[PDB]
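# A structural walkthrough
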Amino acid sequence: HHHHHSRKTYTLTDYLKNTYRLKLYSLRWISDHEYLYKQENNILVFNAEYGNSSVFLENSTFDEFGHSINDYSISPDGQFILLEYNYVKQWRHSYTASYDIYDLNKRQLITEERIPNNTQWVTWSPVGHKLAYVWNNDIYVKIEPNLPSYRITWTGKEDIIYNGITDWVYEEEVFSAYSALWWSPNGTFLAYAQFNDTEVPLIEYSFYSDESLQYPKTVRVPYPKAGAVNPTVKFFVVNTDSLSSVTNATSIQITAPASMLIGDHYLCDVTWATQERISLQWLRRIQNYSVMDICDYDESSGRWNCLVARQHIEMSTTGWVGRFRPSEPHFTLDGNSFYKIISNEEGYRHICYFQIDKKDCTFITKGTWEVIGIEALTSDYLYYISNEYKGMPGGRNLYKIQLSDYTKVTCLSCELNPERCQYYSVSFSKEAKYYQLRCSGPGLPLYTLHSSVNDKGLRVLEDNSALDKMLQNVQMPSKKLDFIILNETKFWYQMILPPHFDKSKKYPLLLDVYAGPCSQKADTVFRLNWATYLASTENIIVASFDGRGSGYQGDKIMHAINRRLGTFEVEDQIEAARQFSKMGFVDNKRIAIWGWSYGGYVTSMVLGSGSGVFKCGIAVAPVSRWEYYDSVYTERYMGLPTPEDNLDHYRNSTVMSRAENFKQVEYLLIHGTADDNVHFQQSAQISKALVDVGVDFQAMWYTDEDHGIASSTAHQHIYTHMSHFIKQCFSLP
Amino acid sequence: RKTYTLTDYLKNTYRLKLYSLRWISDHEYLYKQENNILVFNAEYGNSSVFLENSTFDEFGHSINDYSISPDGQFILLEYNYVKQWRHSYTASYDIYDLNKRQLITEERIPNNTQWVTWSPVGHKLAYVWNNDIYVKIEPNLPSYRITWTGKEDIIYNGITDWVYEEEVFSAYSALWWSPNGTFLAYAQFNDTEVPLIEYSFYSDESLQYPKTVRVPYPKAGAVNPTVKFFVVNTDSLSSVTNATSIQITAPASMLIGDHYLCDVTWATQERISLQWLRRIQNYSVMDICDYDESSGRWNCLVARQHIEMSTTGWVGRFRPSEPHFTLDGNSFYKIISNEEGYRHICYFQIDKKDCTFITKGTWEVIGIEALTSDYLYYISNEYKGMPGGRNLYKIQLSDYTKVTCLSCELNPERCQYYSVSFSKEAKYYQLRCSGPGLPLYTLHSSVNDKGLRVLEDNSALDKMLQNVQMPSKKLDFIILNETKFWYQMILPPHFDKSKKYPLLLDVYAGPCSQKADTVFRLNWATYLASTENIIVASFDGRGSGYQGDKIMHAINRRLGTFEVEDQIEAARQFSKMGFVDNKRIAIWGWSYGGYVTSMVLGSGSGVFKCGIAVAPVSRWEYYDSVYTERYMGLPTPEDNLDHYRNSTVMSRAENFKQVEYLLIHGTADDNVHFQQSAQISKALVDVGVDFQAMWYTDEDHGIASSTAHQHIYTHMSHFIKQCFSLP
Ligand SMILES: *[C@@H]1O[C@H](CO)[C@@H](O[C@@H]2O[C@H](CO)[C@@H](O)[C@H](O)[C@H]2NC(C)=O)[C@H](O)[C@H]1NC(C)=O
Ligand SMILES: *[C@@H]1O[C@H](CO)[C@@H](O[C@@H]2O[C@H](CO)[C@@H](O)[C@H](O)[C@H]2NC(C)=O)[C@H](O)[C@H]1NC(C)=O
Ligand SMILES: *[C@@H]1O[C@H](CO)[C@@H](O[C@@H]2O[C@H](CO)[C@@H](O)[C@H](O)[C@H]2NC(C)=O)[C@H](O)[C@H]1NC(C)=O
Ligand SMILES: *[C@@H]1O[C@H](CO)[C@@H](O[C@@H]2O[C@H](CO)[C@@H](O)[C@H](O)[C@H]2NC(C)=O)[C@H](O)[C@H]1NC(C)=O
Ligand SMILES: *[C@@H]1O[C@H](CO)[C@@H](O[C@@H]2O[C@H](CO)[C@@H](O)[C@H](O)[C@H]2NC(C)=O)[C@H](O)[C@H]1NC(C)=O
Ligand SMILES: *[C@H]1O[C@H](CO)[C@@H](O[C@@H]2O[C@H](CO)[C@@H](O)[C@H](O)[C@H]2NC(C)=O)[C@H](O)[C@H]1NC(C)=O
Ligand SMILES: CCc1nc(CC(C)(C)C)c(CN)c(-c2ccc(C)cc2)c1CC(=O)O
Ligand SMILES: CCc1nc(CC(C)(C)C)c(CN)c(-c2ccc(C)cc2)c1CC(=O)O
Ligand SMILES: *[C@@H]1O[C@H](CO)[C@@H](O)[C@H](O)[C@H]1NC(C)=O
Ligand SMILES: *[C@@H]1O[C@H](CO)[C@@H](O)[C@H](O)[C@H]1NC(C)=O
Ligand SMILES: *[C@@H]1O[C@H](CO)[C@@H](O)[C@H](O)[C@H]1NC(C)=O
Ligand SMILES: *[C@@H]1O[C@H](CO)[C@@H](O)[C@H](O)[C@H]1NC(C)=O
Ligand SMILES: *[C@@H]1O[C@H](CO)[C@@H](O)[C@H](O)[C@H]1NC(C)=O
Ligand SMILES: *[C@@H]1O[C@H](CO)[C@@H](O)[C@H](O)[C@H]1NC(C)=O
């Protein structure tokens, strides 16, 4: 006699075994009317206007092949397909893989002049079927897929000289990519960066590997910690049409500006404007000054030239320039103008309209909200995402703005499904005739397709009704997205509330913390994660809070922690906890705090604060002191760890120095041994300090796991482990 | 009515008083009463301050240790102590003239000297620095260089490499002065092709980039260090020509393949004995080498070779025993297994194969302690048939049948575990009784064997222990397949045998181990018994020591089988004794005992609720060649690969589902590498077993740092108390 009431909950197994799948819709636009999708593991080409799914590639072709086909890549012209296999992961983006190319018209593998094994990166020209691949740190170009490669660079040395690929920091921090190659639009020019790691110190750690391995391997990665000598970067442009089979290729060098070359600098952005015009952005090591150079190819020269009068300066007096780097330029077709997200005179990031010749721009948008990204630019409209709608920073909508009248601004996604959908993202066709919208919350992810000619709805691609059906008689948690006012300012929190939430009861509470520079933890997105389980099954409330230092709410909030990590953002996590219990449904005797990565640091700094507010906390892969983390992230917020700069605060913001206070709290410290990103060192130094002052804590290392602890088994283990620690810290039976 | 607490254990509230003396002559010894150093007299007990505390006040450094030259003329001061491995360290050195009474300033001993040793007589000095051997005839003269081939991590002259240090010589030094200091004998190790274990050292907070420690370390079946042996004549050193080292090459029976130098013992002024072991450690050879006049060389008569082998196991307990030579050096005594597999003393004559045995029985000689012209002194576990007791015996060389227990009845109730230190010519001896009562130190004259006085009786300790509720120690045996197997229990105070107690099986169980003994201890177990009322038991099953080869050799080539089964069996038996709550049986252990605990918990026997494993071996291929191959052979298909493979704790991961496990390991363990545990944890992860872990940053195999030590025991206590429902 259950009477069809919901007695199921979202269990830990549900989360770990992926019981309730969240269906996606992952397309790849090939033309301006067609995209690709995998159905039966077949790849169908879809006509966006009609529905025409006419099988593009049967799943049964590449099993004759004899290797597991990891990913693929159709050449712009549709004439060739690149097959990726023996994929072997490295850092967040980099990896090695074998490639073959299948002649999509001759229905056969190209067996001549194959792309070598251990290839680091491969990339089509944007038009036709030119290749650009990097093998042993050198660039190679194939004009036709079955002809021999032309060697572009000869100077690549492992760990020292990188041609067309990033090194550790550029990959993680600057480009969010292994690739450092940029084809010109019609693919005449291949522009590449080149990195020099000669004097960059190495992080060494042990990789134990399969129990087969008798002697643990020592991994050595060129990794510049805050203050250490950084990599250097030269930048080149080669003309791939004048490549010669009888002469080494001439790579033309663009040097940095004079204002950059005086000290340690970076290349933080490459952007082709036209067939013959390219834009560079460079950053000083002190990341409050950057210069965009605009460079033209001089025809009689053969060389490239950036005129000083086309140099564009971006700087900040209140902090660092950009959200994590200067913003990318979006050029108008003729190359003479570009749009860019820059911070306005009120510290709000808006789209500025730049002329190649005039220093000053004009803002096409304004207000106490923020522009997230520019997504497409036609001749009449510019398409961008912002958190303007209902003045709530954790929302996302697509707007189009009229290039000829800035007051004329339509919200393309706002009114679509207002109750279900408040966090959108967009994929445009080759020339923006169609777009797929991707709604992520607060309701179930919704995937829709649109023609932009008249902004009408075409079809629902995925609506997740299968998951919706499964959830009916499941006691899911609800989200509350709201704000509290501190010192005249709105700060936004979110609570994952247990089913049948009762304001009368005093629930235990976990503070899910990240709280890094330009972070946003309080948003409109639907999630099925650990938090979901904790609320639904364990009746724990999971809360997050964006305090000083968080993103998308202006520079006043975001820069608040500039040169001052481990301060306000930490303080504001504590204040949220106070504010929450003071809301009346939180059991004070049971407030916990957990974070990964930067979140691990704040968690640890919080537990270390002697605030009395928190009972326990889990820190996963945390930063312990800032001299341990990488230069370009750290120095952005922290300056240099020198007496004549910011050493005082580097010293004053270590969790180690707070060790004594951990006596008041139950700590679980977790870290994977092969964490190349935030090194096990950071947690080894934490443990040592707690040992040194006689405080009991709980620890867990993960053999061979990196910063993700992403192994299937590892992922399931760590979450099991934390649930126990939490249930046991909360006296949950 | 207070109990022995964890704080009591960790902070050392109740100290055992030692009487650490060192002999100077046949009748004088040195003691450290105060900061002072006194020469006591054995004849009377009267003394006189030999070295006033504040004389090296002026020095401006902290004095770690001292060392008098035999002739009593010089004192070596050791400071700037920097520990390395178990025995190995680096120090600085100054010499203080006692005839003058001032520090030597000319030709000082270098900083970072690896070893120093006086000649056995006079004041000659031989030291090792940057891997080369130096000698100083006079403490203020230029030292002569002997070796020019020393190289960091590669060539060791006069000092041992990691493995020889840890496993063969239990010492950093590899130097041997002849009885009267005429000859310097030394070993040379070549680690050229020995792989390096590499691990991170995080060091102080201030260190931005972890340092990789790289140590040549041969794991099971890896290329071993090679060894050469040399003898140089110190009396005929030249300030002009490079000193000229004579080599004594291994016997042909050794050169045939991989081998070890395992014993260096000077027989006479011009005779030195060497023991070499094959890599397959069941066959060893002793060369006896005489100095030769007409050639200035050393010849080891092939006829004079003495073979010691073993058909049921390996030679020796942990290595073939050392010889003890009669003054003329034409005869020696050493401990070997008899035909019954019990280790007894064999009298060898230099010029023949057949030694005759001088002791007999189903007990074992632990050691030959001193030999005179009239008597042989040994320690053995014979008294009352107790493998875990120790007593000093004298045997009359002119009639083996006449054997007096010198310590058995000196105090039968409180004393059953003695050790002895004899004076230079053995006219006196000091007895150290270690249990079962509080330790008692006594001084004895040989001639009539009468006791002279109590040196330390721990009456101070005795007082304090009276108003604290102390545990007791049951030592006893069970029968298994018609054989005695000894166990001990640390029973809580006011022990009631009709009440059911939690029981923690404390395990080591490595080969030749002995965990059940008459020794008195203040340790972790003492706290668990006194405060938490936990029975903590240990058990010597198969493979255990001091009960003959039949038992010891039982686990030959089969590590992680019988020694593991027997702990489970012991635990099963204990839970039929009626006072053991078998819902709460736990097992823990360190090192090899970490391995066994882990192997036990992976057994799916269902006997154990939870375990702690501190620095466990996880599979044998990860641990060093000398130790591992002794019991396992090579990890190759033509030898013992199959069993290496079967004996892993990783293979048993699935069974950990049945148990609560705590894995602990120091990240800078040079011995049992963190790897071993990193591999265990990974296996548990892979099969979805939840467990508890703890690393110790920069701790080694001891986890010995004041603070680290305190932390780990606290952590374990919490784990055990939780596993047992003790709040
Ligand atoms: C990468 O940079 C290093 C410097 O970090 C370059 O090596 C230098 O070569 C020049 C010419 O001999 C000198 O200024 C220095 O003596 C060298 N410095 C060091 C420390 O090596 C190297 O040439 C660069 N590599 C390339 C090919 O770009
Ligand atoms: C009692 O002990 C003291 C201190 O050991 C004795 O003094 C030493 O006696 C020896 C006799 O061989 C001399 O070599 C030394 O000169 C004495 N000590 C020093 C360093 O000066 C003393 O003789 C002993 N006996 C009596 C009867 O007092
Ligand atoms: C051994 O080490 C100490 C420490 O370095 C040496 O003493 C130093 O000598 C230098 C001269 O090179 C002086 O400038 C320092 O003031 C001394 N330091 C201290 C703390 O005493 C000593 O001379 C070294 N050499 C030997 C052979 O003893
Ligand atoms: C230590 O042993 C090594 C063998 O591992 C010796 O090194 C070899 O020496 C020979 C002849 O000198 C060379 O031809 C080999 O190529 C060497 N091998 C390597 C890798 O070093 C070395 O000579 C020995 N050193 C001493 C002082 O005994
Ligand atoms: C002692 O032996 C060493 C090494 O065999 C000699 O010293 C070397 O001599 C060579 C010439 O063969 C020189 O090139 C080296 O620079 C020397 N090395 C060192 C460390 O000194 C030397 O012949 C001998 N020295 C004496 C005292 O006789
Ligand atoms: C998807 O369907 C369209 C329309 O139904 C296909 O276009 C037709 O192709 C046939 C020949 O096969 C022509 O005779 C018709 O005139 C076309 N009709 C229209 C209205 O386009 C189209 O070929 C299909 N898509 C793909 C990729 O083949
Ligand atoms: C999107 C995930 C991510 N991306 C980035 C790279 C960009 C800044 C370009 C976005 C970084 C910067 N290294 C981090 C990060 C890592 C460590 C720490 C101490 C702080 C921040 C994370 C978070 C994470 O997974 O750890
Ligand atoms: C006396 C202590 C000791 N001594 C030795 C050296 C001799 C056997 C020569 C005496 C060894 C041999 N390495 C060990 C040992 C260590 C690890 C393992 C897997 C096995 C054995 C221990 C035990 C310990 O320190 O934990
Ligand atoms: C890649 O490696 C495999 C295995 O050695 C080999 O058979 C294959 O031919 C290689 N491919 C290329 C293109 O080098
Ligand atoms: C191209 O350059 C490399 C070194 O810079 C050289 O080895 C090679 O021979 C060159 N080839 C030509 C065409 O000169
Ligand atoms: C002028 O002279 C150069 C050098 O001979 C020749 O290559 C070209 O014709 C002219 N160069 C340019 C850039 O106009
Ligand atoms: C950049 O930072 C430096 C050091 O913090 C400081 O001197 C200066 O104010 C900043 N420069 C600019 C251009 O704002
Ligand atoms: C030491 O031994 C050598 C060789 O036996 C001998 O020639 C010398 O005289 C001895 N010195 C003493 C004091 O016995
Ligand atoms: C020594 O051990 C090996 C391996 O167990 C064996 O094959 C050999 O016969 C043994 N030799 C002796 C002397 O017993």
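Residues numbered from 1 in each chain as written, not as in the entry; some residues may be left out. Chains lettered and ligands numbered in written order. Part of a larger assembly, values for the part shown. Heavy atoms only, no water.

When its secondary structure is counted, chain B shows 12 helices and 46 strands. In terms of overall dimensions, chain B has C-alpha extents of about 75 × 60 × 60 Å along its principal axes. The burial tally for chain B puts 60% of its 727 residues in the buried class. In chain B, the share of contacts with a sequence separation of at least 24, taken over all contacts with a separation of at least 6, comes to 59%. Total accessible area computed for chain B in this model is approximately 29300 Å², and 48% of it derives from carbon and sulfur atoms. In chain B, the 67 positive side-chain charges and the 83 negative ones have mean positions that sit 6 Å from each other. (Helix = DSSP H or I, 4+ residues; strand = E, 2+ residues; numbered from the N terminus. Buried < 20%, exposed > 50% of the residue type's maximum accessible area, 1.4 Å probe, protein only. Contact = heavy atoms within 4.5 Å. Areas by Shrake-Rupley, 256 points an atom, 1.4 Å probe, with all protein chains shown as cover. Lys, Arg positive; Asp, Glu negative; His and termini not counted. Charge placed at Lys NZ, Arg CZ, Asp CG, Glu CD.)

Attention shifts here to the interface of chain B and chain A. With 52 residues of chain B in contact, the opposing surface of chain A contributes 53 residues. Together, the buried faces of chain B and chain A total about 4300 Å²; carbon and sulfur atoms form 54% of this surface. Along the contact surface separating chain B from chain A lie four salt bridges. In this structure, the salt-bridge partner of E198 of chain B is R220 of chain A, at a minimum N-O distance of 3.3 Å. For the pair chain B and chain A, the interface holds 41 residue pairs in polar contact. When contributions to the side of chain B that touches chain A are tallied by element, the ones reaching two or more residues are strand 17 (196-201), strand 18 (211-216), helix 11 (674-686), strand 46 (692-696) and helix 12 (706-723) of chain B. Grouping the amino acids of the side of chain B that touches chain A by side-chain chemistry returns 25 nonpolar, 16 polar and 11 charged. (Buried area = accessible area lost by both parts, 1.4 Å probe. Salt bridge = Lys/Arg side-chain N within 4 Å of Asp/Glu carboxyl O. Polar contact = N/O pair within 3.5 Å; in protein donor to acceptor, adjacent residues only side chain to side chain. Nonpolar A, V, L, I, M, F, W, Y, C, P; charged D, E, K, R; others polar.)

Quick look at the UniProt feature "active site" in chain B now. Residues and elements named next belong to chain B. Those places that UniProt annotates as "active site" correspond, in this numbering, to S591, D669 and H701. Maximum C-alpha separation among the annotated residues is 10.8 Å over a sequence range of 111 residues, consistent with a single clustered spot. Within the fold, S591 resides in the loop between strand 43 (580-590) and helix 8 (592-601). Judged by its relative accessible area of 16%, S591 is buried. With residues up to four places along the chain from it excluded, the contact list for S591 reads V614, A615, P616, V617, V672 and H701. Secondary-structure assignment places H701 in the loop between strand 46 and helix 12. By relative accessible area, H701 is classed as buried at 12%. Beyond its immediate sequence surroundings of up to four residues, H701 is in contact with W590, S591, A615, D669, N671 and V672. (UniProt positions renumbered as here; feature names shortened; annotations may be inferred.)

It is worth spelling out the domain arrangement of chain B at this point. Residue and element names in this part refer to chain B. Split into domains, chain B comes out as domain 1 (1-469) and domain 2 (470-727). Relative placement of domain 1 and domain 2: their C-alpha centres are 30 Å apart. Taken together, the two surfaces of domain 1 and domain 2 that pack against each other cover about 5300 Å², and 59% of this comes from carbon and sulfur. For the pair domain 1 and domain 2, the number of links is two salt bridges. The closest approach of N and O atoms between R279 and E629, which form a salt bridge, is 2.7 Å. Taken together, domain 1 and domain 2 are joined by 37 residue pairs in polar contact. Every element with two or more residues in the side of domain 1 that touches domain 2 is listed here: helix 1 (6-11), helix 2 (162-168), strand 17, helix 4 (459-465) and strand 38 (468-469). Ranked by residue count, the leading element in the side of domain 1 that touches domain 2 is helix 2, at five residues. (Domains from an automatic or database assignment.)

Membership of the largest hydrophobic core comes to 331 residues, with the highest contact counts inside it found for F235 and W530 of chain A together with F229 and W524 of chain B. Apart from the residues within four sequence positions on either side, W530 of chain A is in contact with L12, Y15, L510, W594, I618, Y719, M722, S723 and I726 of chain A. (Core = buried A, V, L, I, M, F, W, Y, C linked by side-chain atoms within 4.5 Å.)

Once that is clear, we can look at the environment of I350 of chain B. All names here are of chain B. Looking at where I350 falls in the secondary structure, it is placed in the loop between strand 28 (343-349) and strand 29 (356-357). Judged by relative accessible area, which is 1%, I350 ranks as buried. Residues within four places of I350 in sequence aside, it is in contact with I288, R304, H306, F325, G329, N330, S331 and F332.

A word on the site of ligand 14. All names here are of chain B. As a structural note, the neighbourhood of ligand 14 is formed by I280, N282, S310, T311 and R557. Within the contact set of ligand 14, an oxygen atom lies 2.3 Å away from a side-chain nitrogen or oxygen of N282. For ligand 14, whose unbound accessible area comes to 360 Å², protein coverage reaches 48%. When grouped by side-chain class, the residues that make up the shell around ligand 14 number one nonpolar, three polar and one charged. (Near = heavy atom within 4 Å.)

Quick look at helix 9 (residues 625-632) of chain B now. Helical geometry note: an α-helix holds 3.6 residues per turn, so side chains three or four residues apart project in the same direction. All names here are of chain B. The buried fraction of helix 9 amounts to eight of the eight residues, a majority that puts the element mostly inside the structure. Of the residues making up helix 9, those classed as buried are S625, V626, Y627, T628, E629, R630, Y631 and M632. A distance of 3.1 Å separates the backbone nitrogen of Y627 from a side-chain oxygen at the start of helix 9, and that oxygen is part of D624. Within two residues after helix 9, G633 carries a phi angle of roughly 75°, on the positive side.

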